[PDB]
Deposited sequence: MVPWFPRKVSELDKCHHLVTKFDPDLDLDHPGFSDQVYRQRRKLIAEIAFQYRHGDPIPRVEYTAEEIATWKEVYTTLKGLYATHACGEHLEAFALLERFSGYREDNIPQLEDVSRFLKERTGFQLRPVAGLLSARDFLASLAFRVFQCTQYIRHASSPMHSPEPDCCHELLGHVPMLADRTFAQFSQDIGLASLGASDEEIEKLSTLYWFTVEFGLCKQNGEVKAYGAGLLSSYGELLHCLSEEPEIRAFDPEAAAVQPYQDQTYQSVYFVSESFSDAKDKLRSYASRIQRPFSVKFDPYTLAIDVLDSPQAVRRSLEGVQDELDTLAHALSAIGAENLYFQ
């Protein structure tokens, strides 16, 4: 018994294992778009109903007011560009194709439509390729301020802005890379680490505590609660966070705060280094493949690329002069 993991981005077509009258028919229709999708395809567009846009507007408006005071700098910066380039506005639900093109140009992240909640292994495996499995459906109009399902609103307002940051995109990918071929017990630990970071994480920004977690930036009640005096805020430690018990019904009683994203990424790399695996993995951004470093010769193959990059930088330093250049 040894677990298979994708080694090519197209192999994510095999990583579709899901955790489980008018509204139900619409939900069947949007799920069919996701089931038909194959890597490489343009993400199909959804013509959202007036009720669906009204549901978006309520969520969007309420949370936007809270962002200035509670959201971290990286989320606010990206949210601004998304309002400028990806069609983020109160009267319009953004299209995944527009958002995927934005992320691709910024960090190399791309979106994939998904029918629903993926198994932890397949979700983390996708992140190894800088692919975010996104839902296109929207929650019921009866309960807009609460949703137990990651609906479109959750994804676009909570998960996407942070993926536009180079450091956070590397962190998200690093969790994904660590999961490849890991045991179910370590997938539970990485899924828990993801929960107290990507989902409900907090960060220190110029002596102030801000929210960066998708579950917080997509929930009005939890965004207020996380920065209030009610919860127990602890320093970010990957080992402490991975073994921390949690629930998904009420607000989180414990939140983990990181010094910076760069430091959290360094902490995660140390945690990932003490994961029981007889090999390591390296992402090939050219082919969007996983290189399994399972021998000294596999390491030398990858080292050749790093050596060429250093040659580029050495030549750059020799080319740099005191003269101020004029580019057309």
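What the model leaves out of the deposited chain is one segment, 21-35.
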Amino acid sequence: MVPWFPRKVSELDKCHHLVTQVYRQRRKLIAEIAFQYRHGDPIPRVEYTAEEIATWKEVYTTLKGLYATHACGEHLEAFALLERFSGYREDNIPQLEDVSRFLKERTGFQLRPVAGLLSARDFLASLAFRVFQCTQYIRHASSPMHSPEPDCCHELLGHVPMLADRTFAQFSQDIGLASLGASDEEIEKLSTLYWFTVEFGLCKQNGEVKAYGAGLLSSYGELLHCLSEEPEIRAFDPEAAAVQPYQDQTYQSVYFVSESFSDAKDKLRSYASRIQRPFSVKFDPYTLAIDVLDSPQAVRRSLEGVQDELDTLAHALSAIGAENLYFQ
From here on, numbers count along this sequence of modelled residues.
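Look at the mean CA B-factor for 267-275 and for 289-297 in the entry; the higher one is 267-275. Note on 226-234 vs 173-181: mean CA B-factor is higher in 226-234.
Set against one another, the Cα B-factors of 12, 314, 22, 306 in the record reach their highest point at 22. Within the selection 98, 83, 199, 248, the deposited Cα B-factor values reach their highest point at 248.
Sorting the modelled residues of the chain by their CA temperature factor places residue 57 in the lowest third. For residue 212, the recorded CA temperature factor ranks within the middle third of the chain's modelled residues. When the modelled residues of the chain are ordered by their C-alpha B factor, residue 261 lands in the highest third. The deposited CA B-factor of residue 113 belongs to the lowest third of values across its chain. Among the modelled residues of the chain, residue 151 sits in the middle third by CA temperature factor in this PDB entry.
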